[PDB]
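Notes for the one structure printed next.
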Amino acid sequence: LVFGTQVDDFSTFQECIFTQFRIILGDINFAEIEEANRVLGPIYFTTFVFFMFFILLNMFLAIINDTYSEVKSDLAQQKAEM
Amino acid sequence: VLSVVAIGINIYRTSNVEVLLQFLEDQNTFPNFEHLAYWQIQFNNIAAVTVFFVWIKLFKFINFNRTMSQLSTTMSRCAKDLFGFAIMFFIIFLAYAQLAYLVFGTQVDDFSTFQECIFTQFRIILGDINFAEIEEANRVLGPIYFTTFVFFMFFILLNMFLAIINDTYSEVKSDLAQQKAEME
Amino acid sequence: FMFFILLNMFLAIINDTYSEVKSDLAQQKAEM
Amino acid sequence: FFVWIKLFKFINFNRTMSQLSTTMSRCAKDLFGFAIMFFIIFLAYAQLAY
Amino acid sequence: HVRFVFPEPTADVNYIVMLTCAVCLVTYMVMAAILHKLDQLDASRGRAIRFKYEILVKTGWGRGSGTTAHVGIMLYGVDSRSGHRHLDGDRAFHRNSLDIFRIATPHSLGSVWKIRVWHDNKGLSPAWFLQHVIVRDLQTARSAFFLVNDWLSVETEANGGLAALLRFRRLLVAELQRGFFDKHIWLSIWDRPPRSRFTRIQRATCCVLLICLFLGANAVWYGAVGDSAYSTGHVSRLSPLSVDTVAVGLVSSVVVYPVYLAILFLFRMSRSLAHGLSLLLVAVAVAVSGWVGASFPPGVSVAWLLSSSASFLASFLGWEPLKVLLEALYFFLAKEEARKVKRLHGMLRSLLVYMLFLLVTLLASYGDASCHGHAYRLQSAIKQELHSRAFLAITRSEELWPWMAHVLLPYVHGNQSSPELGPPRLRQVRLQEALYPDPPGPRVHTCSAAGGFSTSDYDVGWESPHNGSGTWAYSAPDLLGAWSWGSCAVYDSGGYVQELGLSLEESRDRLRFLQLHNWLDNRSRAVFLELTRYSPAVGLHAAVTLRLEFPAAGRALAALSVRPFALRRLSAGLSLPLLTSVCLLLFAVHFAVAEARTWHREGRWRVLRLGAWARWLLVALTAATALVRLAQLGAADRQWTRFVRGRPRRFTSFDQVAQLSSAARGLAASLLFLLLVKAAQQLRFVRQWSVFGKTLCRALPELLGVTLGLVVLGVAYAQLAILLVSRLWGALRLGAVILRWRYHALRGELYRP
Amino acid sequence: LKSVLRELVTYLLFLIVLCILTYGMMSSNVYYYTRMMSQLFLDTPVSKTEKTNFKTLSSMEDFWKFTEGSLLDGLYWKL
């Protein structure tokens, strides 16, 4: 809705999704995002980076790390106590 | 509140199209359509923010089973610790940003303003900014700033979010399972 | 499926091993 | 390269370096087991892209 | 009516006014939190419960004294003033009881004559003359046991040493020692007596009201009432003239005083409604200050600060003591709470010291931040006018001359050109031309064909026979000015100069003479183009310089720099940099003396710990910042005074001022970084937020060991990568496993035990 | 446990010898010579009226022109 007519990376909905997947890898311009909208352009980028790299991508790791240790302890206890 | 503001803007903007009628009377004048463009931009911003928040509101209803309830509990239980650590992290962030602004801000153009310093330091986190300008700006303090910033905000300060989140998830799962086993 | 699911299976193994090794070493040294 | 790698033997017997070496040697089997699984999927994706 | 007007003259926003009112609020908030935490303890201590002894002091004064009564003791003295005791015990003043009391009173009285004992006759008159309880010495040896053994009316007192006999000497001295540090609201948050209904937390509200009202009332006069005398700008001396600043401060304080009086009178004797009005007054005063300060010339903000400072010293040294004197004339856990209060008072003092130091640093760094956006645009414009892309591509082909004649001369002598602050110049350092260094496989950057520079006075051409002196002489470096860390080595301010100015139609002749008569060849180690810019619109100079290095005798190395600086002089009065330098020097002296006191009160062997090193680093930065700013201020005046004499003829090489003006800015911005880092670690004083620092400190050796391992494994891989034909930590977060274990450990160590 | 220091000093001697022996295999003119030969050919265009070099060959007649003009020019200056 904000960059949909100016940035060529957000021209369509699919383009927005793919650009947001590429932002995670660390592949941005940000020279056109800022000049397309001086307010609400930097806000989007900063809040997206914060809520995705700091908080949301750190939960898959937590889930997998917990489950692996639980399974390891379960199997070790089952085998040893037999 | 945002919806009321958007409705007010839409009613106020579309009720004064006297400029279009005045142009359509005599078509040798200069069509003055700048106010309409400004209000269209403002309405677009308000509508986009309203839509984003309305979509965020959907979390209020996805608690239909245990596997979602524990995730919501984990997310709402570590917010107290993340808010406490973010204050320290962002104090250090702004301390770096002001130093970069005062030192490199005269002759880089990437640190030319405080906002530019903040955005450049966010882009460094993504591994998007590479040291090519801070060298020619200052061949001695540029390397020091970059090395120290990368060390103290990749190896130390950015991994303290993950420790908090992982420990909170583990403790929530553990005591929830303990309560389930004992009570039921 | 290769940044969220398969690169978190590496640090998981490393973390479990680190925790158990440190616990064993602590209960060994601090006890004797 | 191998001569440089052999240096670890002389710094592994430290107070704080001896809890990371044993950690990385106790999980070598699991790391190899994870690497095989990773490479199978990597090669499947590579063949699909090809 | 012409006096008060709404100026709104210029949009030049002033940061001195808002940075002073933005610290007095954070200080108030933090100090209010501390005082609330202290209040919670103080109220319980007062509602619950040594200059004497603690021996068995069961009283045997006599019988016929059966009554449940309580007594009180006023053991005043040197800064100590205890209260009455409770009525608790086994007998609790039963029929024909005794009297003995040893309470945990922290008021350690001095060895002076200041004591009173009040006995209440709760019931019929007793026939036993209960003299006193005996006490000689247990903890401090400040007790004297000399009782009177009398019996007065109900609830009567008796005063000794260590009906109406005297009125104007005893009833009055009891108030100049009890209310002198209680009615004096400045030194009142530390010495509030217990069981008082003023709470020590609304005292801070009145104090911040005073500070903000002082600031607002001074900002009104400086900026609004500027016609009653015609002083702001015309005759206002920045320095205190004993009539320009202090008088305004005293008048402002006396004018604003009878609003604080009303607010305090509503607070005291009110057993609120003023807790909101005080905040409203502070908010409106801050808003007025912020709206009026946006139009202060830079020489008036320092006067405003001095006036506000003077005001504070008036309301501290002659207006509160006058108030208290007028009022007088009108009338096991104990050893833990003691430690808690002692630590909290030190916290309160350190908070104010740190907040003053932070304000001084902020005014030293961001005092003139409005001239920071103009410098970037100015230097960019200078670089784009000079076409700073062809010059950096200049190789030695006898081709700097067309560039000089194409873009430089029109820039210097154009109709719509720069003020230029004088004529440009060229330099030359050299001796014994390189013997055609080896071409094949050139050195990357280590081209350092060792040689030496000349010094003799040669003549036109390359021979100086019997023509006398030398014409093409060698201007000896002028010293303490410039160095130009060039690629080759370290150049200086010496060499052979060429005017190259004076009405361009003449400059062509000089250019062709330099081209044709064999000047720049056959040694050719430097040229050193250099000029100076001045833009009156924003008020910035610029030290433009360009240099060409000839290390391989046939190829060139170009380097240019533009350094916009502001010309501040010592003779310009008491400017803000001078004030923030003389205050920073005092702060550095205070910190050094405090460190020496610890050095001599703990002794040697205090090395190898971080406290001493951190303190010495802080002292070094403060003392270096102040000294570098003073040096820049001195050099800027020296160069200007030299430039004025012989204005159209000399060059004066303003680069040395530009170097100091950037070193001083880079130093005062790193000190503030240390100050802002020190505030982050003070979040440990919150209960559950104290674990982050501990887990980042205990888990440091493991992270350092991992870093060492990665350094070794990276150098090995680098050595393999080279020679063959020619991350492991970031992505797969492996530091989240070392910090997490320590976090879990130190968090379980805080709840379970 | 004194043989540990003996092994350490022997290994440090070996490593200091090997570092020098491998720094002696990083001459400047072994890489710059290749970089200047790969530019003397492969970058100079055909004799005239063309811009395509060897790196951007496009047809058979282009190869013949490269063999005649550019190859017989870079091999022989005017061992």
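Residues in the structure tokens are numbered from 1 in each chain, the chains being A, B, ... in the order shown, and ligands are numbered from 1 in the order shown.
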
Residues within 9 Å of segment 199-211 of chain E, only C-alpha atoms, excluding chain neighbours under 6 positions, as an NGL selection string: :E and (24-25 or 28 or 31-33 or 35-36 or 39 or 43 or 185-186 or 188-190 or 192 or 253 or 256-257 or 260 or 263-264 or 267 or 275 or 278-279 or 281-282 or 308 or 312 or 315)

Could you please take those selected residues and save N, CA, C and O atoms as a tab-separated table (two decimals), in the first residue's frame?
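To be explicit, this is the file written out as part-v3.tsv:
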```tsv
chain	number	residue	atom	x	y	z
E	24	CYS	N	17.39	18.54	33.73
E	24	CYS	CA	16.75	18.81	35.02
E	24	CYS	C	15.47	18.02	35.22
E	24	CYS	O	14.97	17.97	36.35
E	25	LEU	N	14.93	17.40	34.17
E	25	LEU	CA	13.77	16.53	34.28
E	25	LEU	C	14.15	15.07	34.47
E	25	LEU	O	13.54	14.38	35.29
E	28	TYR	N	15.30	14.81	37.95
E	28	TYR	CA	14.18	14.78	38.87
E	28	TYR	C	13.51	13.42	38.89
E	28	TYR	O	13.16	12.92	39.96
E	31	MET	N	15.88	10.85	40.66
E	31	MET	CA	15.98	11.17	42.08
E	31	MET	C	14.66	10.92	42.79
E	31	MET	O	14.66	10.51	43.95
E	32	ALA	N	13.53	11.13	42.11
E	32	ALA	CA	12.23	10.82	42.70
E	32	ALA	C	12.07	9.32	42.92
E	32	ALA	O	11.54	8.90	43.95
E	33	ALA	N	12.53	8.51	41.97
E	33	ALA	CA	12.48	7.06	42.17
E	33	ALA	C	13.32	6.65	43.37
E	33	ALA	O	12.88	5.86	44.22
E	35	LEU	N	14.18	8.51	45.95
E	35	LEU	CA	13.58	9.01	47.17
E	35	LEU	C	12.34	8.22	47.56
E	35	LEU	O	12.06	8.07	48.74
E	36	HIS	N	11.58	7.72	46.58
E	36	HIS	CA	10.44	6.86	46.89
E	36	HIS	C	10.91	5.54	47.49
E	36	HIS	O	10.32	5.05	48.48
E	39	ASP	N	11.80	6.33	50.93
E	39	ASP	CA	10.61	6.62	51.72
E	39	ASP	C	9.96	5.35	52.23
E	39	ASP	O	9.50	5.29	53.37
E	43	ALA	N	9.48	5.27	56.30
E	43	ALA	CA	8.19	5.28	56.97
E	43	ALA	C	8.05	4.09	57.92
E	43	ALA	O	7.59	4.24	59.06
E	185	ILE	N	15.16	23.98	52.22
E	185	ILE	CA	14.67	22.93	51.35
E	185	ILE	C	15.74	22.37	50.42
E	185	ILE	O	15.57	21.28	49.88
E	186	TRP	N	16.85	23.09	50.23
E	186	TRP	CA	17.91	22.56	49.38
E	186	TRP	C	18.59	21.37	50.04
E	186	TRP	O	18.64	20.27	49.48
E	188	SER	N	17.47	19.49	52.38
E	188	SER	CA	16.38	18.92	53.16
E	188	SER	C	16.06	17.48	52.80
E	188	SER	O	15.57	16.75	53.66
E	189	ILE	N	16.32	17.06	51.56
E	189	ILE	CA	16.04	15.69	51.16
E	189	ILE	C	16.95	14.70	51.87
E	189	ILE	O	16.63	13.51	51.93
E	190	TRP	N	18.08	15.15	52.40
E	190	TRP	CA	18.99	14.26	53.11
E	190	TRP	C	18.70	14.20	54.61
E	190	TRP	O	18.88	13.15	55.23
E	192	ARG	N	15.76	14.85	56.47
E	192	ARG	CA	14.40	14.93	56.99
E	192	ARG	C	14.28	14.13	58.28
E	192	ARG	O	14.61	12.95	58.31
E	253	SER	N	14.93	35.73	40.98
E	253	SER	CA	14.66	34.87	42.12
E	253	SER	C	13.65	35.51	43.07
E	253	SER	O	12.71	34.84	43.51
E	256	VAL	N	10.14	35.40	41.55
E	256	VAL	CA	9.47	34.10	41.45
E	256	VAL	C	9.23	33.46	42.81
E	256	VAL	O	8.38	32.58	42.94
E	257	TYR	N	9.95	33.90	43.85
E	257	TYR	CA	9.88	33.30	45.18
E	257	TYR	C	8.48	33.18	45.77
E	257	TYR	O	8.14	32.09	46.27
E	260	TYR	N	6.50	29.70	44.86
E	260	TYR	CA	7.05	28.63	45.68
E	260	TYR	C	6.58	28.73	47.12
E	260	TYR	O	6.29	27.72	47.76
E	263	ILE	N	3.01	27.39	47.20
E	263	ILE	CA	2.96	25.94	46.99
E	263	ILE	C	3.45	25.20	48.23
E	263	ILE	O	2.84	24.21	48.65
E	264	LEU	N	4.55	25.66	48.82
E	264	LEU	CA	5.05	25.01	50.03
E	264	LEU	C	4.06	25.15	51.18
E	264	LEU	O	3.84	24.20	51.93
E	267	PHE	N	1.62	22.57	50.73
E	267	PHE	CA	2.17	21.25	51.06
E	267	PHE	C	2.32	21.07	52.56
E	267	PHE	O	1.71	20.17	53.15
E	275	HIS	N	0.33	18.88	44.18
E	275	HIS	CA	1.14	17.95	43.41
E	275	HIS	C	0.87	18.03	41.91
E	275	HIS	O	1.74	17.64	41.12
E	278	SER	N	2.07	22.03	40.77
E	278	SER	CA	3.52	22.15	40.62
E	278	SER	C	3.97	21.60	39.27
E	278	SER	O	4.78	22.21	38.58
E	279	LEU	N	3.45	20.43	38.89
E	279	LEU	CA	3.80	19.85	37.60
E	279	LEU	C	3.31	20.73	36.46
E	279	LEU	O	4.00	20.89	35.45
E	281	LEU	N	2.94	24.01	36.54
E	281	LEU	CA	3.82	25.17	36.50
E	281	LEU	C	5.16	24.82	35.87
E	281	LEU	O	5.69	25.59	35.06
E	282	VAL	N	5.72	23.66	36.22
E	282	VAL	CA	6.97	23.23	35.59
E	282	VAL	C	6.79	23.07	34.09
E	282	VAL	O	7.64	23.50	33.30
E	308	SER	N	21.09	32.17	35.41
E	308	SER	CA	20.34	31.10	36.05
E	308	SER	C	21.18	30.49	37.17
E	308	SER	O	20.66	30.13	38.22
E	312	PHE	N	20.24	30.43	41.27
E	312	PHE	CA	20.33	29.27	42.15
E	312	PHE	C	21.18	29.59	43.38
E	312	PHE	O	20.80	29.27	44.51
E	315	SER	N	19.13	31.68	45.79
E	315	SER	CA	18.13	30.92	46.54
E	315	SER	C	18.74	29.85	47.42
E	315	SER	O	18.01	29.07	48.03
```

Residues of chain A within 7 Å of chain B, only C-alpha atoms counted, as a PyMOL selection string: chain A and resi 1-2+26+54+58+62+66

Same residues, N, CA and C atoms, output as a PDB file, in the first residue's frame:
```pdb
ATOM      1  N   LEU A   1       0.808  -1.214   0.000  1.00  0.00           N
ATOM      2  CA  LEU A   1       0.000   0.000   0.000  1.00  0.00           C
ATOM      3  C   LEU A   1       0.844   1.269   0.000  1.00  0.00           C
ATOM      4  N   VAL A   2       2.016   1.251   0.626  1.00  0.00           N
ATOM      5  CA  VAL A   2       2.809   2.476   0.726  1.00  0.00           C
ATOM      6  C   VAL A   2       3.756   2.644  -0.459  1.00  0.00           C
ATOM      7  N   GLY A  26      19.702 -10.199   3.481  1.00  0.00           N
ATOM      8  CA  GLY A  26      20.579  -9.051   3.483  1.00  0.00           C
ATOM      9  C   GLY A  26      20.803  -8.522   2.085  1.00  0.00           C
ATOM     10  N   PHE A  54      15.418 -10.132  15.462  1.00  0.00           N
ATOM     11  CA  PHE A  54      15.678 -10.197  16.892  1.00  0.00           C
ATOM     12  C   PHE A  54      14.736 -11.155  17.605  1.00  0.00           C
ATOM     13  N   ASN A  58      14.263 -16.061  16.204  1.00  0.00           N
ATOM     14  CA  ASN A  58      14.895 -16.685  17.355  1.00  0.00           C
ATOM     15  C   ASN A  58      13.984 -17.678  18.054  1.00  0.00           C
ATOM     16  N   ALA A  62      14.701 -21.893  19.167  1.00  0.00           N
ATOM     17  CA  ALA A  62      14.321 -22.309  20.513  1.00  0.00           C
ATOM     18  C   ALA A  62      13.506 -23.591  20.479  1.00  0.00           C
ATOM     19  N   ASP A  66      14.977 -27.091  22.040  1.00  0.00           N
ATOM     20  CA  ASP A  66      14.293 -27.741  23.150  1.00  0.00           C
ATOM     21  C   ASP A  66      13.892 -29.167  22.802  1.00  0.00           C
TER      22      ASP A  66
END
```

Those of segment 52-251 of chain E in DSSP strand (DSSP E or B), formatted as a ChimeraX atom specification: /E:71-74,116-119,156-159

Residues as selected, C-alpha atoms, written as an mmCIF file, in the first residue's frame, can you do that?
```cif
data_model
loop_
_atom_site.group_PDB
_atom_site.id
_atom_site.type_symbol
_atom_site.label_atom_id
_atom_site.label_comp_id
_atom_site.auth_asym_id
_atom_site.auth_seq_id
_atom_site.Cartn_x
_atom_site.Cartn_y
_atom_site.Cartn_z
ATOM 1 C CA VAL E 71 8.986 9.344 78.296
ATOM 2 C CA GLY E 72 11.003 11.009 75.556
ATOM 3 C CA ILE E 73 14.598 12.098 75.038
ATOM 4 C CA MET E 74 15.976 14.886 72.829
ATOM 5 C CA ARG E 116 16.400 17.286 77.212
ATOM 6 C CA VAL E 117 14.219 14.675 78.928
ATOM 7 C CA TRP E 118 10.420 14.866 78.863
ATOM 8 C CA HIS E 119 8.442 12.836 81.409
ATOM 9 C CA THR E 156 6.928 18.240 81.823
ATOM 10 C CA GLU E 157 10.491 18.452 80.534
ATOM 11 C CA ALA E 158 13.899 18.987 82.124
ATOM 12 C CA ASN E 159 17.048 20.226 80.383
#
```

Could you give me, as CSV, every chain E residue with an atom at most 8 Å from chain B, plus its closest atom pair and distance in Å to one decimal, counting only C-alpha atoms, rows ordered by chain then number?
```
residue,atom,partner,partner_atom,distance
E:372,CA,B:106,CA,7.0
E:373,CA,B:112,CA,7.3
E:375,CA,B:106,CA,6.2
E:376,CA,B:106,CA,4.7
E:379,CA,B:107,CA,7.5
E:380,CA,B:107,CA,8.0
E:665,CA,B:102,CA,7.3
E:666,CA,B:103,CA,5.7
E:669,CA,B:99,CA,5.7
E:670,CA,B:99,CA,6.5
E:672,CA,B:95,CA,8.0
E:673,CA,B:95,CA,5.3
E:676,CA,B:95,CA,6.0
E:677,CA,B:92,CA,6.2
E:680,CA,B:88,CA,5.2
E:681,CA,B:88,CA,7.4
E:683,CA,B:88,CA,7.6
E:689,CA,B:84,CA,6.5
E:692,CA,B:85,CA,7.4
E:696,CA,B:156,CA,7.6
E:703,CA,B:155,CA,7.9
E:730,CA,B:154,CA,7.2
E:733,CA,B:159,CA,7.3
E:735,CA,B:159,CA,6.1
E:736,CA,B:159,CA,5.0
E:737,CA,B:163,CA,7.1
E:739,CA,B:163,CA,6.2
E:740,CA,B:163,CA,4.3
E:743,CA,B:163,CA,7.3
E:744,CA,B:167,CA,6.9
```

Atom CA of residue 511 of chain E to atom CA of residue 399 of chain E, straight-line distance in Å: 13.0 Å

Residues of chain D within 10 Å of chain C, counting only C-alpha atoms, as an NGL selection string: :D and (19-28 or 30-31 or 34-35 or 37-38 or 41-42)

Go ahead and dump the residues you just picked, N, CA and C atoms, as a PDB file, in the first residue's frame.
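Contents of again-v6.pdb, as written:
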```
ATOM      1  N   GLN D  19      36.666 -26.993  27.679  1.00  0.00           N
ATOM      2  CA  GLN D  19      35.244 -27.299  27.673  1.00  0.00           C
ATOM      3  C   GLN D  19      34.600 -27.132  26.308  1.00  0.00           C
ATOM      4  N   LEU D  20      35.267 -26.463  25.373  1.00  0.00           N
ATOM      5  CA  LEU D  20      34.773 -26.358  24.010  1.00  0.00           C
ATOM      6  C   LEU D  20      35.361 -27.413  23.090  1.00  0.00           C
ATOM      7  N   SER D  21      36.599 -27.844  23.336  1.00  0.00           N
ATOM      8  CA  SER D  21      37.181 -28.920  22.545  1.00  0.00           C
ATOM      9  C   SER D  21      36.464 -30.237  22.807  1.00  0.00           C
ATOM     10  N   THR D  22      36.247 -30.565  24.083  1.00  0.00           N
ATOM     11  CA  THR D  22      35.524 -31.788  24.411  1.00  0.00           C
ATOM     12  C   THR D  22      34.091 -31.731  23.909  1.00  0.00           C
ATOM     13  N   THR D  23      33.479 -30.547  23.934  1.00  0.00           N
ATOM     14  CA  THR D  23      32.137 -30.392  23.389  1.00  0.00           C
ATOM     15  C   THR D  23      32.116 -30.696  21.897  1.00  0.00           C
ATOM     16  N   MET D  24      33.107 -30.199  21.162  1.00  0.00           N
ATOM     17  CA  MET D  24      33.141 -30.400  19.722  1.00  0.00           C
ATOM     18  C   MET D  24      33.656 -31.774  19.326  1.00  0.00           C
ATOM     19  N   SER D  25      34.246 -32.526  20.253  1.00  0.00           N
ATOM     20  CA  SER D  25      34.652 -33.894  19.968  1.00  0.00           C
ATOM     21  C   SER D  25      33.622 -34.924  20.405  1.00  0.00           C
ATOM     22  N   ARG D  26      32.785 -34.599  21.389  1.00  0.00           N
ATOM     23  CA  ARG D  26      31.745 -35.516  21.833  1.00  0.00           C
ATOM     24  C   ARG D  26      30.555 -35.561  20.884  1.00  0.00           C
ATOM     25  N   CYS D  27      30.392 -34.551  20.028  1.00  0.00           N
ATOM     26  CA  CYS D  27      29.252 -34.468  19.126  1.00  0.00           C
ATOM     27  C   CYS D  27      29.651 -34.625  17.663  1.00  0.00           C
ATOM     28  N   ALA D  28      30.850 -35.142  17.393  1.00  0.00           N
ATOM     29  CA  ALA D  28      31.291 -35.301  16.011  1.00  0.00           C
ATOM     30  C   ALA D  28      30.408 -36.281  15.253  1.00  0.00           C
ATOM     31  N   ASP D  30      27.224 -36.972  15.809  1.00  0.00           N
ATOM     32  CA  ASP D  30      25.955 -36.310  15.536  1.00  0.00           C
ATOM     33  C   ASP D  30      26.099 -35.254  14.448  1.00  0.00           C
ATOM     34  N   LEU D  31      27.215 -34.522  14.440  1.00  0.00           N
ATOM     35  CA  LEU D  31      27.426 -33.534  13.388  1.00  0.00           C
ATOM     36  C   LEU D  31      27.548 -34.187  12.018  1.00  0.00           C
ATOM     37  N   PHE D  34      24.078 -35.193  10.962  1.00  0.00           N
ATOM     38  CA  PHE D  34      23.314 -34.050  10.481  1.00  0.00           C
ATOM     39  C   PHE D  34      23.794 -33.578   9.117  1.00  0.00           C
ATOM     40  N   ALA D  35      25.105 -33.605   8.879  1.00  0.00           N
ATOM     41  CA  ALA D  35      25.652 -33.189   7.595  1.00  0.00           C
ATOM     42  C   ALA D  35      25.183 -34.066   6.448  1.00  0.00           C
ATOM     43  N   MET D  37      22.290 -35.641   6.244  1.00  0.00           N
ATOM     44  CA  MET D  37      20.906 -35.242   6.005  1.00  0.00           C
ATOM     45  C   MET D  37      20.835 -33.897   5.298  1.00  0.00           C
ATOM     46  N   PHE D  38      21.686 -32.956   5.701  1.00  0.00           N
ATOM     47  CA  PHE D  38      21.712 -31.647   5.057  1.00  0.00           C
ATOM     48  C   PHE D  38      22.100 -31.766   3.592  1.00  0.00           C
ATOM     49  N   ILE D  41      19.355 -33.201   1.042  1.00  0.00           N
ATOM     50  CA  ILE D  41      18.350 -32.215   0.655  1.00  0.00           C
ATOM     51  C   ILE D  41      18.968 -31.125  -0.211  1.00  0.00           C
ATOM     52  N   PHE D  42      20.203 -30.726   0.097  1.00  0.00           N
ATOM     53  CA  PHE D  42      20.882 -29.737  -0.730  1.00  0.00           C
ATOM     54  C   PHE D  42      21.028 -30.223  -2.164  1.00  0.00           C
TER      55      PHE D  42
END
```

Alpha helix (DSSP H) residues, from DSSP on the backbone, in chain F, as a ChimeraX atom specification: /F:3-23,32-40,60-65,72-74

Contacts of residue 16 of chain D within 8 Å, only C-alpha atoms, excl. fewer than 2 positions in-chain, as a VMD selection string: (chain D and resid 14 18 to 20) or (chain E and resid 701 to 702 705)

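All residues of protein, DNA or RNA that reach within 12 Å of segment 41-54 of chain F, judged by only C-alpha atoms and not counting those fewer than 3 positions away in the chain, are residues 34, 35, 36, 37, 38, 57, 58, 59, 60, 61, 62, 63, 64, 65, 66, 67, 68, 69, 70, 71, 72, 73, 74, 75 and 76 of chain F.
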
Give me, as a Markdown table, the closest atom pair and its distance (Å, one decimal) for every residue of chain A within a cut-off of 10 Å of chain C, counting only C-alpha atoms, rows sorted by chain and rising number.
```
| residue | atom | partner | partner_atom | distance |
| --- | --- | --- | --- | --- |
| A:25 | CA | C:3 | CA | 9.6 |
| A:57 | CA | C:4 | CA | 7.4 |
| A:58 | CA | C:4 | CA | 9.3 |
| A:59 | CA | C:4 | CA | 9.4 |
| A:60 | CA | C:4 | CA | 6.4 |
| A:61 | CA | C:8 | CA | 5.1 |
| A:62 | CA | C:8 | CA | 8.5 |
| A:63 | CA | C:8 | CA | 9.2 |
| A:64 | CA | C:9 | CA | 6.7 |
| A:65 | CA | C:12 | CA | 4.4 |
| A:66 | CA | C:12 | CA | 7.8 |
| A:67 | CA | C:12 | CA | 9.0 |
| A:68 | CA | C:12 | CA | 6.8 |
| A:69 | CA | C:16 | CA | 5.9 |
| A:70 | CA | C:16 | CA | 9.6 |
| A:72 | CA | C:16 | CA | 8.7 |
| A:73 | CA | C:16 | CA | 9.8 |
```

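Atom to atom, atom CA of residue 751 of chain E and atom CA of residue 23 of chain C stand 19.9 Å apart.
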
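Near residue 238 of chain E, within a cut-off of 9 Å and counting only C-alpha atoms, sit the residues residues 244, 245, 299, 300, 301, 302, 303, 306, 573, 574 and 575 of chain E, with same-chain residues fewer than 4 positions away left out.
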
Based on the selection just made, write N, CA, C and O atoms of those residues as a short mmCIF file (atom, residue, chain, number, x, y, z; two decimals), in the first residue's frame.
```cif
data_model
loop_
_atom_site.label_atom_id
_atom_site.label_comp_id
_atom_site.auth_asym_id
_atom_site.auth_seq_id
_atom_site.Cartn_x
_atom_site.Cartn_y
_atom_site.Cartn_z
N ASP E 244 25.29 43.02 34.99
CA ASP E 244 24.66 42.52 33.78
C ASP E 244 24.00 41.16 33.97
O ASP E 244 22.96 40.89 33.37
N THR E 245 24.58 40.30 34.80
CA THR E 245 24.07 38.95 34.98
C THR E 245 23.54 38.69 36.39
O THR E 245 22.41 38.22 36.54
N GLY E 299 25.95 34.61 21.88
CA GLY E 299 26.55 35.27 23.01
C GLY E 299 25.61 35.55 24.16
O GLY E 299 26.06 36.02 25.21
N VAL E 300 24.32 35.26 24.01
CA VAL E 300 23.36 35.53 25.07
C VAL E 300 22.98 34.26 25.83
O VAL E 300 22.56 34.34 26.99
N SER E 301 23.15 33.09 25.22
CA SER E 301 22.88 31.85 25.93
C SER E 301 23.83 31.65 27.11
O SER E 301 23.40 31.18 28.17
N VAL E 302 25.10 32.01 26.95
CA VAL E 302 26.03 31.91 28.07
C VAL E 302 25.64 32.87 29.18
O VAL E 302 25.73 32.54 30.37
N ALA E 303 25.17 34.07 28.82
CA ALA E 303 24.70 35.01 29.83
C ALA E 303 23.48 34.46 30.55
O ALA E 303 23.35 34.63 31.77
N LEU E 306 24.69 31.86 33.03
CA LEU E 306 25.30 32.48 34.20
C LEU E 306 24.25 33.11 35.10
O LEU E 306 24.35 33.04 36.33
N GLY E 573 35.50 37.12 23.94
CA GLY E 573 34.75 37.14 25.18
C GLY E 573 34.69 35.78 25.85
O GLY E 573 35.54 34.92 25.60
N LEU E 574 33.69 35.57 26.70
CA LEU E 574 33.49 34.30 27.38
C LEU E 574 32.55 33.45 26.53
O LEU E 574 31.37 33.27 26.84
N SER E 575 33.09 32.92 25.44
CA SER E 575 32.31 32.08 24.55
C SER E 575 32.02 30.73 25.20
O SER E 575 32.66 30.33 26.18
#
```

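Reported to one decimal place, the separation of atom CA of residue 45 of chain A from atom CA of residue 12 of chain A is 18.1 Å.
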
Contact residues around residue 387 of chain E with only C-alpha atoms at 12 Å, ignoring same-chain residues under 4 positions, as a PyMOL selection string: chain E and resi 380-383+391-393+403-404+406-408+411+560

Interface list for chain F, partner chain D, 10 Å threshold, only C-alpha atoms, as number ranges by chain: F: 4-5, 7-8, 11-12, 14-15, 18-19

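With distances restricted to only C-alpha atoms, E:716 is the closest residue to chain F from E:130, E:716, E:753, E:487.
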
Contact residues around residue 6 of chain A with only C-alpha atoms at 10 Å, ignoring same-chain residues under 6 positions, as a PyMOL selection string: chain A and resi 32-33+35-37
